[PDB]
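# Structural characterization, general
Spelled out from the first residue to the last, the chains are:
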Amino acid sequence: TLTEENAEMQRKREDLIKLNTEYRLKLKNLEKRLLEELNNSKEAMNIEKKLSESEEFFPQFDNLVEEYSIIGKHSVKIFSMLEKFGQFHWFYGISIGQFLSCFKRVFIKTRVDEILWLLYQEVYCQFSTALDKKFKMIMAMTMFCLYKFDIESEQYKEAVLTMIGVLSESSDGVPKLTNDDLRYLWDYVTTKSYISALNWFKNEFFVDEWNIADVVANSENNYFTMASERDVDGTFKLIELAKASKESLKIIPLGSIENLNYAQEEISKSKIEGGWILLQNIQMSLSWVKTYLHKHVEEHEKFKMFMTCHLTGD
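Residues numbered from 1 in each chain as written, not as in the entry; some residues may be left out. Part of a larger assembly, values for the part shown. Heavy atoms only, no water. Residues with missing side-chain atoms left out of burial classes, pairs and counts.

- In the PDB header, cryo-EM is given as the technique by which the entry was determined, and 4.1 Å as its resolution.

## Focus: the overall build of the protein chain
- Along its length, the protein chain carries 14 helices and four strands.
- Against the globule reference of 20 Å for 314 residues, the protein chain gives a C-alpha radius of gyration of 28 Å, more extended than a compact globule.
- With the C-alpha coordinates aligned to their principal axes, the bounding extent of the protein chain is approximately 95 × 65 × 35 Å. (Helix = DSSP H or I, 4+ residues; strand = E, 2+ residues; numbered from the N terminus. Rg over C-alpha atoms; globule rule 2.2 N^0.38 Å.)

## A look at the sheet that holds strand β1 (residues 223-224)
- Ordered by their spatial adjacency, four strands build an open sheet running β1-β4-β3-β2, and the pairing between neighbours is parallel. If you trace the sheet from one side to the other, it starts and ends with β1 and β2 (249-253), each paired once.
- The pairing of strand β3 (residues 275-280) with strand β4 (residues 303-306) spans four bridges and is classified as parallel. Residue pairing for β4: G275 is matched across the bridge by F303.
- Contacting β2, β3 and β4, helix α12 (residues 235-244) crosses the sheet at an angle of about 160 degrees to β2. (Pairing = 2+ DSSP bridges. Contact = heavy atoms within 4.5 Å. Axes fitted to C-alpha atoms, helices over the stretch in contact; angles between N-to-C directions.)

## Focus: the environment of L238
- Counting through the fold element by element, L238 comes out in helix α12.
- Among all residues touching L238, those that are not within four sequence positions of it are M226, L249, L278 and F306.

## Some remarks on the packing of helix α4 (residues 70-88) against helix α7 (residues 133-151)
- Where α4 contacts α7, the axes come no closer than 11 Å and their chain directions differ by 160 degrees. On the basis of their axis angle, the class for α4 and α7 is roughly antiparallel. Like other packed secondary-structure pairs, α4 and α7 cross with a definite hand, here right-handed. Contact residues: α4 offers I70, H74, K77, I78, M81, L82, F85 and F88, while α7 offers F135, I138, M139, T142, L146 and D150.
- In terms of residue class, the contact of α4 with α7 is made up of 10 nonpolar, two polar and two charged. (Parallel < 35°, antiparallel > 145°, perpendicular 65-115°, else oblique. Left-handed = near helix turned anticlockwise from the far one by under 90°. Nonpolar A, V, L, I, M, F, W, Y, C, P; charged D, E, K, R; others polar.)

## Points about the environment of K176
- Mapped onto the secondary structure, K176 falls in the loop between α8 (154-167) and α9 (180-191).
- Taking the C-alpha atoms as reference points, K176 and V160, 16 residues apart in sequence, are found 9.5 Å from one another.

## Looking at unusual backbone geometry
- The backbone of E169 shows a phi angle near 55 degrees, a positive value even though the residue is not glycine.
- As for its position among the elements, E169 is in the loop between α8 and α9.
- In this structure, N281 is a non-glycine residue whose phi angle is positive, near 60 degrees.
- For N281, the location among the structural elements is in the loop between β3 and α14 (286-297).

## Notes on the packing of aromatic side chains
- Look at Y124 and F206: their rings are 4.0 Å apart centre to centre, the planes differ by 20 degrees, and that puts the pair in the stacked class.
- Between the aromatic rings of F224 and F306, the centroid separation amounts to 5.8 Å while the plane-to-plane angle is 65 degrees, which identifies the pairing as edge-to-face.
- What links up through ring pairs into an aromatic cluster is the set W117, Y120, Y124, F144, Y147, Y188, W200, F201, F205 and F206. (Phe/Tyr/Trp six-rings, centres within 6.5 Å; stacked < 30°, edge-to-face > 60°.)

In structure tokens:
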């Protein structure tokens, strides 16, 4: 935030660095001049004045770091339950440098309210494409709670908690409502269409939901992991997407050693000259993948490569 969000913060940081360098250079020049004068027996004032002028920056820095603290607490909570989903299942891992990159993208894409809303929407659309639908709406309602319970009063919070409780069959009670929305919410929960209530909360807050094409388009990497349950398969959907993307997607199911060698040759060719390779059901030769693909991973453009795994698998 200090580096990029405000040009004043970075310009005073650079000014402090330049003032320190100028003071050191002036001290060295004064020492050399004193040695020369002893052997033979303006700039320092300007540097001192510049240092004294730049010393009037601590209250400004304190104000800037204080004004951006609630967003920091929100980010800590966001990372908290993002990492907590990594413990519920073995398929919801969340990185750290990826979070740094997505914050940089938020900077690239009431100033405080606007920037926190932008962070919420962009981090949600970049980090919620790695969950199944029920856990996606769990993320939706948790993030909606962290937004609303901090930007709204606590009577609205109590109303939301008692609506979640009657949704969870934990309690029954009339909420202390305070418009045209919660009346429709009570109409839905009296109609008992629960997924309609969840979709109504979503449409009440969420305005955009990234699809598969956008999430595979908004990336500069060449390695992608594709996951689906055993009752679903986006392989032919990926063929249709690649046809829309005018890319040659060459599906290779794993299997016998000849199939593994063919897949290795094809991905070598696709790294050499480009192309799209969809390794169907990479759980097939799990150890072969875990050795060969890991060794290959650990630079040609217009090359994307996908995995394929299953939820109830290895």
